[PDB]
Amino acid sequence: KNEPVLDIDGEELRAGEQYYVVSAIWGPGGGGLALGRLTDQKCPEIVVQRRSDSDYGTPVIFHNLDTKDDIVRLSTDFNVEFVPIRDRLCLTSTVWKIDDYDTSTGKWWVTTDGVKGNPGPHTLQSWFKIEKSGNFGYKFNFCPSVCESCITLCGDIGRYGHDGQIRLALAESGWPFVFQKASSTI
């Protein structure tokens, strides 16, 4: 019943399909998203944004809450999975998950080892929404409803710079994105 999220081409986003998630801001707005890792940890890998206007990063795949609908819609919960071309440096899942509360920075990071599937409590940190960021593009947003009796965090997803990488954290201003179907790239 909700409205479909569209790629740069104007076509609706499709569950199952590979897309690049690209910053809706050029130059200093950076490039796209990817798996990356901290100096001092190897697994699970974290979500990062390429500094270069040039690099679209590692494509993702959406999994609808209900695998039966094929359209990724606004303000509907879903799972997001990096689809690394490269062999796994880890056994952890590339599935996005909100991390525990880094006491060190007052931020809730976005990371992997999420759990695709099973809506409800056990998977709460793995479910995300897309919202419209006003005038141009899309922001991600973490406010799950898979558990009608779980008190959870709820926020836009912005970008912060920590120890020389760009990471995604909850914030009250969400950072905007557009989507690029991966085939139409060369």
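All residue numbers are counted from 1 along the displayed sequence.
- Look at the mean CA B-factor for 62-70 and for 39-47 in the entry; the higher one is 39-47.
- For the segment pair 85-93 and 72-80, the entry gives 85-93 the higher mean B-factor, averaged over Cα atoms.
- Annotation for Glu11: C-alpha temperature factor in the middle third relative to the rest of the modelled chain, per the entry.
- Sort the modelled residues of the chain by CA B factor and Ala34 lands in the highest third.
- Remark: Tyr56 belongs to the highest third of its chain, ranked by C-alpha B-factor as recorded.
- Among all modelled residues in this chain, the alpha-carbon of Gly161 has a temperature factor (C-alpha) in the highest third.
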